[PDB]
Structure formats: structure tokens, C-alpha cells
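Asks: For reference, the structure I am asking about is given below.
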Amino acid sequence: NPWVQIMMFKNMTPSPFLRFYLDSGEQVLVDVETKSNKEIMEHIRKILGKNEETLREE
Amino acid sequence: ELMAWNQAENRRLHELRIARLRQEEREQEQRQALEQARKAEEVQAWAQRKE
Amino acid sequence: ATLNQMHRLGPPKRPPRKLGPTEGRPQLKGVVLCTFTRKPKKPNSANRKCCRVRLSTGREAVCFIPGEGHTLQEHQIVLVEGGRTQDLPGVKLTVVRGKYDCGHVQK
Amino acid sequence: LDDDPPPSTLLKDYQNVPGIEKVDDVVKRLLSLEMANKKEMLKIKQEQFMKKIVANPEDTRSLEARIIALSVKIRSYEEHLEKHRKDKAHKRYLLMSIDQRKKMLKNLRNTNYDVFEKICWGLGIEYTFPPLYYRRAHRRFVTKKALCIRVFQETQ
Amino acid sequence: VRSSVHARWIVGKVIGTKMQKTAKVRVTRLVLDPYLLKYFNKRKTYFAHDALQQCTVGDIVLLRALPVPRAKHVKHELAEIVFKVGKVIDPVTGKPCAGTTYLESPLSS
Amino acid sequence: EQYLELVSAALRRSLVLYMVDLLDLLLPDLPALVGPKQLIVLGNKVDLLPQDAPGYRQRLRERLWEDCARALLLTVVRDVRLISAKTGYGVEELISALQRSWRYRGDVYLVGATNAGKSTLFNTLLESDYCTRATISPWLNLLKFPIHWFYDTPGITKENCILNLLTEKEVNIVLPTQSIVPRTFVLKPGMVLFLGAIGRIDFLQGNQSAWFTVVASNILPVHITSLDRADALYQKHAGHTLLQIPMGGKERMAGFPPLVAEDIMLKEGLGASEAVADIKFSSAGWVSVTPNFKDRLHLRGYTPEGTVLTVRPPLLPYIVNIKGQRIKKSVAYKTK
RNA sequence: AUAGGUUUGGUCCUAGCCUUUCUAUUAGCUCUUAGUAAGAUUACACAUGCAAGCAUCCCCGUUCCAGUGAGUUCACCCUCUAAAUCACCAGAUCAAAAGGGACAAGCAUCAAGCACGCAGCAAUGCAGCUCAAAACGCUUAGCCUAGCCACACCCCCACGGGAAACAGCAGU
RNA sequence: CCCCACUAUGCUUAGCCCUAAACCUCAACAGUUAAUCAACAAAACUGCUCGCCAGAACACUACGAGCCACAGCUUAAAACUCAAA
RNA sequence: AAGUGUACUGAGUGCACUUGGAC
Ligand SMILES: [Mg+2]
Ligand SMILES: [Mg+2]
Ligand SMILES: [Mg+2]
Ligand SMILES: [Mg+2]
Ligand SMILES: [Mg+2]
């Protein structure tokens, strides 16, 4: 996702999390505490990633 | 729908976090009781010797 | 170096290639000035014919005349290409046999 | 404002002693700061500032507590160099302490502003952001910058 | 919506407030080094319009592209102060936090 | 003469700062003007001089030293320095030298020509720690400031100067405000060069081609033509824009003096890198000429009747080297 | 690189240079035929011939094609929206100008640029803006090739001036 | 080179200059002893960061610049040469 | 003995430093 800006923040809050800002102004807060990296990847894929159908269409 | 599911999962993880914090707070209070006993013992000896 | 150091320093800056004796050109024209002989570095000793020639860029250089026999004389036009001689220190050019005043090798 | 503790002030270890005020005035004098060295004065100043500012003066490893202690040390070094103006070692220590206090102030500002403001007000420390560039101010640069400033003012 | 500016939404850090109602925000994008293939924080400077002058140096801000550039450089408006400097509220638990330690415990209410 | 009969009396009652325009190179008359006192030479407008070769500053200091020797004890001159009031180059070192030694005690009289930059140097020194803001006192009312008092004397006007003929705008254009960029041109015999409408050169009777490097204001057009067309172009384009100096068209040209001629013979050509002579058109600028080895050239410089044309030893003998390459058939070299 | 030779009395290591491979230009010597591809070194000057007509007059075209690489982050994406085609309109297509983003190399012995910003309807105020994460500046180069950018003798432009223009083909 | 006497200087104050085989010739921090390893030297390594080098000589040099306040230091090249060092 | 830095003198000496020397 070359155009999706990505920024990091070390030790800003007691708990870790992700937050995505969408073009529509919506903000999606994802809790990652206690989750493995694979689990986090799968969760973000489910909630915001294009499906294989869309990828094949492209 | 996906956003609603995300918020539901956030709520679930929040409940788990609250439970963890409750248990950790119980343990911390129990251990800090002994820590405070140690501190009181040290202080009492200090004040006694100084007096 | 570290990855950050490599990133900061970027790719290697290959130095520009120094211009050869012929200033990067495979050949040049020139006017002979003075012919003479030279002694090659030992163990090689056989006398070698050289000539001072003023290139098309004004620069004057000593150029080895290969082969046996010639007619090169003062103010005569020659063509000189690159190529240092094995045992003539300083001499870094060669008259191309078979061009202009350089009548073919006088065999 | 950095007035020193009154000499009569008893040491920290004895300010908590019961009946301390109900003993001989000579004993009080002996236990006072007057009959003690500068380390005791610095400790009393640290106690004063801690009680004044930090929410929990009982915590000594807090970032605020560290900043207070380091500020006390910096004051000590400043007073020391007011006399030993030629002490290069303590000059270095003062400069290092100032740098460390600036770093700790930055950390506190980034973490807990609500308390960073209280630290700054309590210790009279006007925090200043670091200069963007350290380029040496040599004669030519200074003169040309002054000339350019005057030129801009004239144009204005 | 149909904004003429390039980057619709960008999260950056306020690094200057010496301009009336305008905050100098620094935005950092991970950039792939074509050779090392490691990602580095390339950074660019943006100016965010702040009518309320609520920006403080060090704040983390979200900037929304203006419909049109309102000045030679002001191309975004401060949509929301994401992290007020040293006054961070954990978005997860909503309670104030100081670094990695809660001020008000989440069990408070 | 006015300076001799009004100001010299006061001066001959201490230190003198004699300012000399480096580009324009009153010196021999100093013994009567100031008298036998300590004098320091300040070569002004050095920044505008191109760096022809390394050590050109040292060469200029030397040249000033021989000029003073030609004219004076080394009146005694105790220091020769190069300064640029515009860029503040060397002003602080001059101040340090002034304050460092016993010999510099008393008042300071700043003597020089009109264009030397006395005003700029006085303002620079006033805006410095050297002064203890400025006052005006009759000597003629002149400026001064305490240091003992600094004295800024009236500038000595220069006779036979093209600036006198030129108007305010023309003088502003002619005077270089930025560092000068030499402009070289390879010329064959029987050709003509035009530095504005003020200066012209006709090169002829030359056994070989030569190079002419114009050192003048970057905004002064330089035009090359044949001898035949040189005149006709001159009348057609006098003033206007092709020759931007003077301005006003035929109206201004009617009052402008016609260009009188002056013949020149150049010495043996000292190679193709060392200038043989600088032909100076008063304060407008000069042209350094490099003939070929052993070559002797004939020249005719046309300069306004009132002003004068001066052939001098090259001020920047190695200025021909700084250049680029010939552009098209045009004689011009690409400027570096 | 599958490497090889070369420093020493000898060995090992480090390190450069050269050989081997494939291209292109030029040159020497040499050479039979056929098809195809490609073709000034020169942004130096040009003799000569030609390269823009069509058409019931008005119009339209000669702004294209063709050429060169001097200069050079004017090329790509997004926004908006001119001109043009769709016998008219349509929105469609094409793509200018303008705004945002992106975008070569070396030099730091080019370290500061010197107004390079902002608010305000305006007065006017604020005093800022870029830069060691390379600003500013000097030097070199056409590029990211179905093609693209730029130039059209020069004065960046071209009213005007310089002067009489092949970087259109053939040719000198 | 040896003997004699003596001066800068070694010393105090107040300012400057900023270079040493300024060397443990072994950068900071964390970690390990698992399988040793050009040679010698202070056993061998891992992670992490900053600085530095890209053959020799030209060259602790020239030019420019900074510090100077003019006889010096820092920064630091190029050309030419060689197949070595 | 060798060398680094520094200064005088015309290769040595003076001061400090290192062993990249011996006991
Ligand atoms: Mg052939
Ligand atoms: Mg044009
Ligand atoms: Mg042409
Ligand atoms: Mg042709
Ligand atoms: Mg003595």
C-alpha cells in the first residue's frame, strides 16, 4: 500500500493499538494487546483489506 | 458490518483487559501490604535509633 | 557500515574516468617536431625511435614510431593513437603506420 | 527565588525526631545546618522543593524527583563556580547537568504536561526549545546578517 | 471531497507555532530505499490552518486537505489534535495516561 | 585646488586614511595635500575584482606598493590594505590593526575620491565598536564621531571621468554593483569592439588574432563588428538599447561628446594567457589584450572627447584564462 | 565471474592494475555475391535545386510532417477546465493554461539563502519561510524510448535589434 | 658528542595556540563461550549505533576558506607517474 | 636505540610522550 501513510509511536500509551484514518473521515481503532502479529494481520485484513475477489478483478 | 464487528471485538478485549487489571491489582495490593510492612519496620527502627 | 550509514551515504560515487593520453579519443592528428632515439629500461636495451608531435589539441607529446624504417621529418603530418610502449617510460602514444606522411613501414 | 534554608533549620533526619524542640538550644544549634556542611543544606533544599511541588514527595525515583534533585545539584555547581571560577572539571559537570536537566524536562513535557508545568513554575525554569541550527556565528556571518536585517527594516 | 490538494489526510507532528492561526506540522512517510529495501522515515513539512490556535509544539495532529490552497503553503486544516502534548488520553480505555502508566486507573469507573 | 586651499591647511596642523578605487588605477599630489604624516592606503571595491589567478590580492597589494614608491616614504605610508565596505571585507581587521599599535594615535582623516566609497566606509565604521551617535561640525559642514575625533573630508572630484558626463541612471548602470564577470572575445585584425556607446576599440595591423577580455559592468553591452560597419552601427544605435549607455536617443547623443580617437601599439605578445595591456575607458571599465607570441598589434581606441583613454599594465594579467569555449562563429567565449 | 597473471629469497594477507567475454566508433591490412537494418564529428558557415497546396473566388493548411540535442527536473499522476472532433447539441474523446504531488549526476574547497512566510475583505499586523535529512550556488547531461521534453541563426522571449539564417531533403 | 657559565623555558597570576607513538595503536552499549582459526598482537564472536577507508606517491602539499592578526594550525585537492605500495 | 609532537640551532640538542628496543 504505497500511498497509505504509515507512522509509528513508541511508548505513547500504556496499551498498544492501531488506528486507521479513512478518506471519509472515519477513524477505526483496532486493539492489538495480547494478539500475535499473525492474528493482528488477519484481523486488519478482515476489517479493511480488499478481498481476493477484488484483487482478482484488478 | 465489519466496523461493527471490530467494535464488538474491541469491547470483548476491553473486558479481558479489565479482568487482567483486576487480578493484577489484587496481587499488587497483596504484595504492597508486605512492602508497606517492611517500610514501616525500617522507619520505626530508623526513628528509634535516631531518637 | 550500518544500514543507516549506507542509506545516508547513498550509492558509491564512482570517480570519473581519467582521460587517456589521447584525451578520450581513439586517434588524433599531429605535426612532428623532433625525432630521436631512446633507451628502454633494463633488461631491455634496444634503441627505440620516438618523435615529439603536437596533437590537434595543441598539446605536445612524445610518440613511439613502431616498425623499422620511416621518413618522418620536421613539420610532417602524422596520426597518433594510444597505447603505451612496454619499455619506454613516459612514451604513451604510437604513430599509426599507414596514414598521412607516415609512409608505410619502410621494409 | 532561591533563598537558602535558615541556619537554625535542623537536619532532615532530626526534623522528624519527637521532642526535638524540647531539648537544649545548644543541642538544636549543633544539630542545625549552621554546624553542618553544604550537603545538608542541599538535602534540605531538595526536601523543601519536593514537598512544594511533587504530588508524592515520598517517591524518590519519579521523573519529577530526579529533575528536582538535578536542579538542586545545578544550583550547587553554580554557587561553587561563583567562587572557583577556574574549575574546569566542575564547569564540565555543570554543563552536563544542564543538558541532562533539559533532557529530563523534555521527557516530562512529552509525558505528563500537567506536572511539567508545575515543575517549571516551582523551580523557575523557563524551558526553551533547542536551537534548530548550531552554525558558528563568525565575524562575516554576523556582520552580513546585521546588514541584511537593517536592509529589511529600511524596506519596511 | 473534490479537493485539489494531493494528500487528503495526513498525520504529523507540530514543530512550530510562530504563524498566526497556522501551525507548522511535520509529516513522516516510510519510504522504501530501492537498494537496501529497508524503509526509512522520509519527512516533509506541511502547514495546517488552526483557527483556534490550539496547536502546541509537539502535538500529534491530523490534517485534512482544504478544498483549495488558501495560501502559498497552507494546504490543510487541523482536523483534530490526535495527541495533545503530555496530555494523552488512551483512546482504548479513554482514561488519561502519562507515557505507559495510567493516571486514573481504568477501574475508577 | 579647493582641497589644497581649504582643507590641507587644517590637515597640516594624527593619521590619514587614503582610499583608492582598485578598479581605477591623486596619489603623487599627496605630499602637498596632506603633508608629512602617517598615511594608510585602502584599496576599495576589491570584491568586484575577479580572481584572475591565486594570490591576486597579494599581487594587488604589491602593485599599490610600487605605485606609492613611484610617487612618498614606505609623507610616510605605513600600511596598505584591501577592503570592501559593501561586503564588510577586512573592515574588522583594519579596526584591529588601528587599535593594536601605538603609531595609530590621534585623529583620523578619511581622504579619497568621490566614487572611492568614502561614504560607505564611514557608515560601516560608524556602525561598529570602533566608535565610542555621529555629529556634524563645520570644518564646510562634515560628519564626525569620537574614537580624539574621526574626520571625513570632502571627496576629491576626478577630472576626465565618464561618470561626469553620464546621468544618474547611466552612472548607476555603468558602475558595477555585482562582482564583475570577464567577457573574452577572439578578434582578428580589422575588427571593432564596442563597450556601450562610450568606448570603442579598433584592432588592426596584427600579425595574428588576439583575445580581448572586457572587465566592466555585467550589464554593459559588448558588441563586435567589422571596421566597415562599426561606424554605421554606431550612428544607428547610439543610445537606444543595443548600446544602453548613454540613453535618450539622438536627443542625448546631440549633447554627448563625439568619440575622439587615440592610437596604440601593443608590445610583444606575452603568450596567450598573460595580458599585455589593459585599455581603460576611465571608470566604465577596461579591456585586457592578449596577442599571440611575438605578435605586435595596432589599436585605435575611441573615447569621449572630454574623458581620456589610458593604457596601463594589466591589473589582472591572467584574466584571459577564466573563460569557457567559443560559441558558434561568434567571437565570444562562454563566460565562466 | 567458475576465474587467471602480477608485489617477495619464500609463504600468507590486504590492495590496485592487467587478461579472458559482449558491444559500438575510428584506424591499419585485406575483400566475392544477394537480401535486410543503420548512417556528418561539429546548435560551425552555406553555392545550388527542391521540400505547401487545394479549391467555383470565401474559406482551410502552410502551427502538422520532417530535423537537432544547444539548453534543461516544462515530460508522469491527481484537480480543474480552455481549444479541437462527434453534419448541430451532446455529454464522450483529446489535451492546453492554472493548482497539488512526483521527478538526473558530481561538488560542502557551494553553508547559509536574504524575503525566501503567515493572518486579515483592507487598512494593517504578526516576523516569519528553506537549510548538514544538503537550502542557496557552480559544473555535466536531453529523458523514464510505441515514444517523450526542449530549440528552431542569435539577443532565454522576439515588439524590436543584431543580420540575412539548410538542426527539411540532396549537396558543398 | 665531554667539562664550565649562563638565557629563553620549566614555576605564579591573567589570557592565548590546540597539536602528540593524545596508544590498551583494540569506538559506545548489550550479550555469549556455542561451535577456535590468515600470521603476530590483547582468546573468538553475536547484536546495535555513530565515526572513518576505498592502491602508492604526488600530499600533515597547492588553491580557497576558517582560526589568526601574518607564521603558523585545521580543512584538503588536482595534473603528471607506477604496477606496485 | 628507534619514533611522535614541539622549539632553537645547523643533523644535533631541549621538554613530554610510545615500545612499533635490550637488561
Ligand atoms: Mg574497417
Ligand atoms: Mg529563439
Ligand atoms: Mg544553421
Ligand atoms: Mg542536410
Ligand atoms: Mg631563566
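Quick note on naming: the chains in the C-alpha cells go A, B, ... in the order shown, residues restart at 1 in each chain, and ligands are numbered from 1 in order of appearance.
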For stretch 36-47 of chain C, list every protein, DNA or RNA residue within 6 Å, evaluated using only C-alpha atoms (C1' of nucleotides), and leave out those in the same chain fewer than 2 positions away; present the list as a list in words.
Replies: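 The neighbour list is residues 49, 50, 87 and 88 of chain C.
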Asks: Those residues with N, CA, C and O atoms, as a PDB file, in the first residue's frame please?
Replies:
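The new file selection20.pdb reads:
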ATOM      1  N   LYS C  49      62.732   4.405 -31.592  1.00  0.00           N
ATOM      2  CA  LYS C  49      62.533   5.700 -32.231  1.00  0.00           C
ATOM      3  C   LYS C  49      61.297   6.387 -31.667  1.00  0.00           C
ATOM      4  O   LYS C  49      60.203   5.815 -31.663  1.00  0.00           O
ATOM      5  N   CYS C  50      61.466   7.626 -31.217  1.00  0.00           N
ATOM      6  CA  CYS C  50      60.369   8.432 -30.712  1.00  0.00           C
ATOM      7  C   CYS C  50      60.379   9.774 -31.426  1.00  0.00           C
ATOM      8  O   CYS C  50      61.395  10.194 -31.985  1.00  0.00           O
ATOM      9  N   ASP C  87      58.546  -0.776 -22.785  1.00  0.00           N
ATOM     10  CA  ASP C  87      59.786  -0.390 -22.125  1.00  0.00           C
ATOM     11  C   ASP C  87      60.255   0.991 -22.567  1.00  0.00           C
ATOM     12  O   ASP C  87      61.427   1.192 -22.877  1.00  0.00           O
ATOM     13  N   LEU C  88      59.346   1.959 -22.618  1.00  0.00           N
ATOM     14  CA  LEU C  88      59.698   3.356 -22.872  1.00  0.00           C
ATOM     15  C   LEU C  88      58.932   4.222 -21.885  1.00  0.00           C
ATOM     16  O   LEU C  88      57.886   4.791 -22.223  1.00  0.00           O
TER      17      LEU C  88
END
Asks: Give me the residues near stretch 7-21 of chain I as a list in words, where near means some atom within 7 Å (using only C-alpha atoms (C1' of nucleotides)) and where sequence neighbours in that chain fewer than 3 positions away do not count.
Replies: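 Listed by chain and then number, they are residues 20 and 21 of chain H; 1 of chain I.
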Asks: Counting only C-alpha atoms (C1' of nucleotides) and all ligand atoms, what are the residues, protein, DNA or RNA alike, that approach ligand 2 to within 10 Å? I want them as an MDAnalysis selection string.
Replies: chainID G and resid 151:158
Asks: Save the residues we just selected, N, CA and C atoms (P, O5', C5', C4', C3', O3' and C1' of nucleotides), as a PDB file, in the first residue's frame?
Replies:
ATOM      1  P     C G 151      11.406  25.735 -26.139  1.00  0.00           P
ATOM      2  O5'   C G 151      12.676  25.506 -27.065  1.00  0.00           O
ATOM      3  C5'   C G 151      13.889  26.204 -26.833  1.00  0.00           C
ATOM      4  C4'   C G 151      14.776  26.145 -28.046  1.00  0.00           C
ATOM      5  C3'   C G 151      14.154  26.693 -29.317  1.00  0.00           C
ATOM      6  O3'   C G 151      14.335  28.091 -29.420  1.00  0.00           O
ATOM      7  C1'   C G 151      15.122  24.566 -29.742  1.00  0.00           C
ATOM      8  P     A G 152      13.384  28.962 -30.367  1.00  0.00           P
ATOM      9  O5'   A G 152      13.839  28.542 -31.830  1.00  0.00           O
ATOM     10  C5'   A G 152      15.173  28.774 -32.260  1.00  0.00           C
ATOM     11  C4'   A G 152      15.526  27.934 -33.458  1.00  0.00           C
ATOM     12  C3'   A G 152      15.007  28.471 -34.787  1.00  0.00           C
ATOM     13  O3'   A G 152      15.936  28.173 -35.822  1.00  0.00           O
ATOM     14  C1'   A G 152      14.114  26.326 -34.411  1.00  0.00           C
ATOM     15  P     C G 153      16.102  29.174 -37.060  1.00  0.00           P
ATOM     16  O5'   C G 153      17.607  29.667 -36.944  1.00  0.00           O
ATOM     17  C5'   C G 153      18.640  28.768 -36.578  1.00  0.00           C
ATOM     18  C4'   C G 153      19.859  29.513 -36.114  1.00  0.00           C
ATOM     19  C3'   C G 153      19.681  30.343 -34.856  1.00  0.00           C
ATOM     20  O3'   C G 153      19.801  29.584 -33.670  1.00  0.00           O
ATOM     21  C1'   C G 153      20.683  31.670 -36.512  1.00  0.00           C
ATOM     22  P     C G 154      19.118  30.100 -32.313  1.00  0.00           P
ATOM     23  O5'   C G 154      19.941  31.407 -31.950  1.00  0.00           O
ATOM     24  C5'   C G 154      21.320  31.322 -31.635  1.00  0.00           C
ATOM     25  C4'   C G 154      21.885  32.670 -31.279  1.00  0.00           C
ATOM     26  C3'   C G 154      21.150  33.407 -30.177  1.00  0.00           C
ATOM     27  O3'   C G 154      21.555  32.991 -28.889  1.00  0.00           O
ATOM     28  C1'   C G 154      21.485  34.862 -32.003  1.00  0.00           C
ATOM     29  P     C G 155      20.554  33.147 -27.650  1.00  0.00           P
ATOM     30  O5'   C G 155      20.343  34.718 -27.546  1.00  0.00           O
ATOM     31  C5'   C G 155      21.399  35.556 -27.111  1.00  0.00           C
ATOM     32  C4'   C G 155      20.962  36.992 -27.002  1.00  0.00           C
ATOM     33  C3'   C G 155      19.643  37.246 -26.298  1.00  0.00           C
ATOM     34  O3'   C G 155      19.733  37.151 -24.889  1.00  0.00           O
ATOM     35  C1'   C G 155      19.754  38.553 -28.257  1.00  0.00           C
ATOM     36  P     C G 156      18.431  36.797 -24.015  1.00  0.00           P
ATOM     37  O5'   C G 156      17.748  35.578 -24.778  1.00  0.00           O
ATOM     38  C5'   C G 156      18.454  34.370 -25.018  1.00  0.00           C
ATOM     39  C4'   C G 156      17.664  33.162 -24.574  1.00  0.00           C
ATOM     40  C3'   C G 156      16.225  33.086 -25.062  1.00  0.00           C
ATOM     41  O3'   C G 156      16.117  32.551 -26.371  1.00  0.00           O
ATOM     42  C1'   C G 156      16.311  32.614 -22.740  1.00  0.00           C
ATOM     43  P     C G 157      15.181  33.258 -27.464  1.00  0.00           P
ATOM     44  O5'   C G 157      13.879  33.669 -26.647  1.00  0.00           O
ATOM     45  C5'   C G 157      12.838  32.730 -26.408  1.00  0.00           C
ATOM     46  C4'   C G 157      11.517  33.420 -26.185  1.00  0.00           C
ATOM     47  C3'   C G 157      11.115  34.400 -27.282  1.00  0.00           C
ATOM     48  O3'   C G 157       9.699  34.420 -27.428  1.00  0.00           O
ATOM     49  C1'   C G 157      11.314  35.555 -25.239  1.00  0.00           C
ATOM     50  P     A G 158       9.045  34.336 -28.890  1.00  0.00           P
ATOM     51  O5'   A G 158       9.451  35.711 -29.579  1.00  0.00           O
ATOM     52  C5'   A G 158       8.502  36.764 -29.707  1.00  0.00           C
ATOM     53  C4'   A G 158       9.144  38.047 -30.169  1.00  0.00           C
ATOM     54  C3'   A G 158       9.601  38.062 -31.625  1.00  0.00           C
ATOM     55  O3'   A G 158       9.439  39.371 -32.168  1.00  0.00           O
ATOM     56  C1'   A G 158      11.456  38.421 -30.213  1.00  0.00           C
TER      57        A G 158
END
Asks: Starting from chain E, keep only residues with some atom at most 8 Å from an atom of chain D, counting only C-alpha atoms, and report them as an MDAnalysis selection string.
Replies: chainID E and resid 58 85:88 98:99
Asks: Using only N, CA, C and O atoms, please write the residues we just selected to a file, as a PDB file, in the first residue's frame.
Replies:
ATOM      1  N   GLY E  58       4.886  19.968  19.494  1.00  0.00           N
ATOM      2  CA  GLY E  58       4.976  18.599  19.945  1.00  0.00           C
ATOM      3  C   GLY E  58       3.689  17.811  19.838  1.00  0.00           C
ATOM      4  O   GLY E  58       3.722  16.582  19.973  1.00  0.00           O
ATOM      5  N   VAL E  85       0.157  17.339  23.513  1.00  0.00           N
ATOM      6  CA  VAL E  85       1.466  17.025  24.071  1.00  0.00           C
ATOM      7  C   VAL E  85       1.345  16.872  25.579  1.00  0.00           C
ATOM      8  O   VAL E  85       0.852  17.768  26.275  1.00  0.00           O
ATOM      9  N   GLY E  86       1.782  15.725  26.090  1.00  0.00           N
ATOM     10  CA  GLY E  86       1.820  15.489  27.518  1.00  0.00           C
ATOM     11  C   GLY E  86       0.459  15.489  28.182  1.00  0.00           C
ATOM     12  O   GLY E  86       0.363  15.572  29.410  1.00  0.00           O
ATOM     13  N   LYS E  87      -0.600  15.395  27.386  1.00  0.00           N
ATOM     14  CA  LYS E  87      -1.968  15.291  27.878  1.00  0.00           C
ATOM     15  C   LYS E  87      -2.700  14.195  27.123  1.00  0.00           C
ATOM     16  O   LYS E  87      -3.822  14.367  26.645  1.00  0.00           O
ATOM     17  N   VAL E  88      -2.054  13.045  27.003  1.00  0.00           N
ATOM     18  CA  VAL E  88      -2.562  11.966  26.167  1.00  0.00           C
ATOM     19  C   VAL E  88      -3.659  11.220  26.911  1.00  0.00           C
ATOM     20  O   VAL E  88      -3.514  10.884  28.094  1.00  0.00           O
ATOM     21  N   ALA E  98       0.016   8.842  31.312  1.00  0.00           N
ATOM     22  CA  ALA E  98       1.297   9.540  31.290  1.00  0.00           C
ATOM     23  C   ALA E  98       2.340   8.532  30.828  1.00  0.00           C
ATOM     24  O   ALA E  98       2.876   7.764  31.628  1.00  0.00           O
ATOM     25  N   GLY E  99       2.621   8.531  29.530  1.00  0.00           N
ATOM     26  CA  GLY E  99       3.539   7.565  28.971  1.00  0.00           C
ATOM     27  C   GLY E  99       2.924   6.186  28.914  1.00  0.00           C
ATOM     28  O   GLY E  99       2.021   5.934  28.109  1.00  0.00           O
TER      29      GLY E  99
END
Asks: Return as a ChimeraX atom specification the full set of residues in stretch 42-97 of chain D whose backbone-based DSSP assignment is alpha helix (DSSP H).
Replies: /D:42-53,63-83,88-97
Asks: Taking only C-alpha atoms (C1' of nucleotides) and all ligand atoms into account, list the residues no farther than 9 Å from ligand 1, as a ChimeraX atom specification.
Replies: /G:26-28
Asks: Those residues with N, CA and C atoms (P, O5', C5', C4', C3', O3' and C1' of nucleotides), as a PDB file, in the first residue's frame please?
Replies:
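Once everything was written out, this is out_11.pdb:
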ATOM      1  P     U G  26      33.047   4.641 -37.987  1.00  0.00           P
ATOM      2  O5'   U G  26      34.574   4.969 -37.700  1.00  0.00           O
ATOM      3  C5'   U G  26      34.982   6.289 -37.383  1.00  0.00           C
ATOM      4  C4'   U G  26      36.435   6.339 -36.989  1.00  0.00           C
ATOM      5  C3'   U G  26      37.394   5.621 -37.915  1.00  0.00           C
ATOM      6  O3'   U G  26      37.704   6.360 -39.077  1.00  0.00           O
ATOM      7  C1'   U G  26      37.889   5.044 -35.691  1.00  0.00           C
ATOM      8  P     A G  27      38.134   5.588 -40.413  1.00  0.00           P
ATOM      9  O5'   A G  27      39.559   4.995 -40.046  1.00  0.00           O
ATOM     10  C5'   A G  27      40.611   5.860 -39.661  1.00  0.00           C
ATOM     11  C4'   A G  27      41.831   5.094 -39.226  1.00  0.00           C
ATOM     12  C3'   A G  27      42.303   3.998 -40.160  1.00  0.00           C
ATOM     13  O3'   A G  27      43.015   4.486 -41.280  1.00  0.00           O
ATOM     14  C1'   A G  27      42.316   3.197 -37.948  1.00  0.00           C
ATOM     15  P     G G  28      43.062   3.620 -42.628  1.00  0.00           P
ATOM     16  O5'   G G  28      44.109   2.474 -42.292  1.00  0.00           O
ATOM     17  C5'   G G  28      45.413   2.808 -41.853  1.00  0.00           C
ATOM     18  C4'   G G  28      46.216   1.584 -41.510  1.00  0.00           C
ATOM     19  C3'   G G  28      46.222   0.480 -42.548  1.00  0.00           C
ATOM     20  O3'   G G  28      47.117   0.745 -43.608  1.00  0.00           O
ATOM     21  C1'   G G  28      45.894  -0.447 -40.397  1.00  0.00           C
TER      22        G G  28
END
Asks: Measuring between only C-alpha atoms (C1' of nucleotides) and all ligand atoms, which one of G:41, G:172, G:14, G:63 shows the shortest distance to ligand 4?
Replies: G:172
Asks: I need the chain H residues near chain F as a list in words; criterion: at most 12 Å, counting only C-alpha atoms (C1' of nucleotides).
Replies: residues 62, 63, 64, 68, 69 and 70 of chain H
Asks: Please save N, CA, C and O atoms (P, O5', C5', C4', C3', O3' and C1' of nucleotides) of the selected residues as a PDB file, in the first residue's frame.
Replies:
ATOM      1  P     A H  62      51.249  24.163   1.182  1.00  0.00           P
ATOM      2  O5'   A H  62      50.660  24.265  -0.292  1.00  0.00           O
ATOM      3  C5'   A H  62      51.507  24.567  -1.390  1.00  0.00           C
ATOM      4  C4'   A H  62      50.712  24.846  -2.638  1.00  0.00           C
ATOM      5  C3'   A H  62      49.542  25.798  -2.479  1.00  0.00           C
ATOM      6  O3'   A H  62      49.931  27.157  -2.519  1.00  0.00           O
ATOM      7  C1'   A H  62      48.840  23.888  -3.666  1.00  0.00           C
ATOM      8  P     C H  63      48.933  28.295  -1.991  1.00  0.00           P
ATOM      9  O5'   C H  63      47.586  28.017  -2.789  1.00  0.00           O
ATOM     10  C5'   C H  63      47.438  28.448  -4.132  1.00  0.00           C
ATOM     11  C4'   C H  63      46.001  28.373  -4.574  1.00  0.00           C
ATOM     12  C3'   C H  63      44.990  28.985  -3.623  1.00  0.00           C
ATOM     13  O3'   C H  63      44.915  30.393  -3.723  1.00  0.00           O
ATOM     14  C1'   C H  63      44.231  26.864  -4.291  1.00  0.00           C
ATOM     15  P     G H  64      44.650  31.267  -2.407  1.00  0.00           P
ATOM     16  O5'   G H  64      43.133  30.955  -2.052  1.00  0.00           O
ATOM     17  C5'   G H  64      42.114  31.127  -3.022  1.00  0.00           C
ATOM     18  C4'   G H  64      40.806  30.556  -2.545  1.00  0.00           C
ATOM     19  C3'   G H  64      40.417  30.898  -1.118  1.00  0.00           C
ATOM     20  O3'   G H  64      39.848  32.186  -0.985  1.00  0.00           O
ATOM     21  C1'   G H  64      40.122  28.591  -1.471  1.00  0.00           C
ATOM     22  P     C H  68      40.445  34.696  15.676  1.00  0.00           P
ATOM     23  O5'   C H  68      41.877  34.581  16.362  1.00  0.00           O
ATOM     24  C5'   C H  68      42.931  35.469  16.014  1.00  0.00           C
ATOM     25  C4'   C H  68      43.989  34.753  15.215  1.00  0.00           C
ATOM     26  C3'   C H  68      45.254  35.529  14.882  1.00  0.00           C
ATOM     27  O3'   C H  68      46.189  35.483  15.945  1.00  0.00           O
ATOM     28  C1'   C H  68      44.526  34.153  13.050  1.00  0.00           C
ATOM     29  P     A H  69      46.393  36.742  16.916  1.00  0.00           P
ATOM     30  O5'   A H  69      47.343  37.717  16.093  1.00  0.00           O
ATOM     31  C5'   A H  69      48.251  37.217  15.116  1.00  0.00           C
ATOM     32  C4'   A H  69      48.251  38.090  13.889  1.00  0.00           C
ATOM     33  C3'   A H  69      48.460  39.573  14.171  1.00  0.00           C
ATOM     34  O3'   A H  69      49.136  40.189  13.076  1.00  0.00           O
ATOM     35  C1'   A H  69      46.313  39.246  13.235  1.00  0.00           C
ATOM     36  P     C H  70      50.727  40.027  12.934  1.00  0.00           P
ATOM     37  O5'   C H  70      50.917  38.488  12.568  1.00  0.00           O
ATOM     38  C5'   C H  70      52.204  37.883  12.561  1.00  0.00           C
ATOM     39  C4'   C H  70      52.407  37.047  11.326  1.00  0.00           C
ATOM     40  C3'   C H  70      53.118  37.753  10.179  1.00  0.00           C
ATOM     41  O3'   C H  70      53.873  36.802   9.435  1.00  0.00           O
ATOM     42  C1'   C H  70      50.949  37.142   9.489  1.00  0.00           C
TER      43        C H  70
END
